[PDB]
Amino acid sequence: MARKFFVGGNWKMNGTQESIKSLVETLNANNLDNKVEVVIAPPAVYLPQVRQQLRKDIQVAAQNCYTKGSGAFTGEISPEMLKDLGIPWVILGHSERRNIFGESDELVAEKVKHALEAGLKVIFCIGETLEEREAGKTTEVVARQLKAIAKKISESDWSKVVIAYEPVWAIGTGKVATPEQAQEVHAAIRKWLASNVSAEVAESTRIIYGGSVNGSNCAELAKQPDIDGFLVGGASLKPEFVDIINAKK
């Protein structure tokens, strides 16, 4: 089966009730390629508002959750709570959480495993730093970040995972990976899955690109054979998000 094209919008720490009602009203009124799977990730306190107001063919994601079902973790939410509220997706391991909040490869892996156990689907984020890119080590970095998740999840668990490759140097900087650069990483990720997990997981797993995707560069990225869609940060707050969803026309 062809991999279903996937576009996620990560609003990060942005929004008010009124501004989010406007973002959702624009999504509700636009004609979206019905072959594309679309997921939107608002701040956690706006998850009820967005699930209520948003067209039901677009699913909602949280931007983070913790590793346990319940307990003495002031300020943390469990994937069980997300499932309970009808939020089917969670983004885990975004670079901002690996850096600012010090989430290690192993902590991300534990979050992915527990979210899957709790019944969620996961957008799992990986990607190399500017220095690692300049050192020519992107393939070894993504392999290391993938291996940590593979150590904690089963072959069958990958069916509810989407891999988001985001070069750290491309996140919010206006510097997008070229089609060649992104395609090479996605091919290496898929090859890693084939050798380390299974050929079936490699052929079925969506690998989406993120980092300065916009309405202009999205078409040629979407044409790359191992790029299955996008994780969109700043542009998901803009009307061009519709053009990115519609990148394959």
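Throughout, we count residues from 1 along the sequence that is shown.
Novice: What stretch has the higher average Cα B-factor here, 23-31 or 200-208?
Specialist: The stretch with the larger mean CA B-factor is 23-31.
Novice: Averaged over C-alpha atoms, is the B-factor higher for 238-246 or for 4-12 in this PDB entry?
Specialist: Comparing 238-246 with 4-12, the higher average CA B-factor belongs to 238-246.
Novice: Given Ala115, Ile100, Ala177, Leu92, identify the residue with the highest C-alpha B factor in the PDB entry.
Specialist: Spelled out: the listed residue with the top C-alpha B-factor is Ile100.
Novice: Would you mind checking which of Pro167, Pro79, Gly136, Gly75 has the top Cα temperature factor in the PDB entry?
Specialist: Largest recorded C-alpha B-factor: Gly136.
Novice: Check where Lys160 lands among this chain's C-alpha B-factors and tell me if it's the lowest, middle or highest third.
Specialist: Answer is highest: the recorded C-alpha B-factor places it there.
Novice: Would you check the entry's CA temperature factor for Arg190 and let me know if it's in the chain's lowest, middle or highest third?
Specialist: Lowest third - that is where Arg190 ends up once the chain's C-alpha B-factors are sorted.
Novice: Select lowest, middle or highest to describe the third in which the CA B-factor of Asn214 falls within its chain in this entry.
Specialist: It belongs to the highest third of the chain when residues are ordered by C-alpha B-factor.
Novice: Comparing against every modelled residue in the chain, figure out the third that the C-alpha B-factor of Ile58 lands in (lowest, middle or highest).
Specialist: For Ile58, the deposited C-alpha B-factor lands in the highest third.
Novice: Place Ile126 in the lowest, middle or highest third of its chain's C-alpha B-factors, as listed in the PDB entry.
Specialist: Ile126: CA B-factor falls in the lowest third of its chain.
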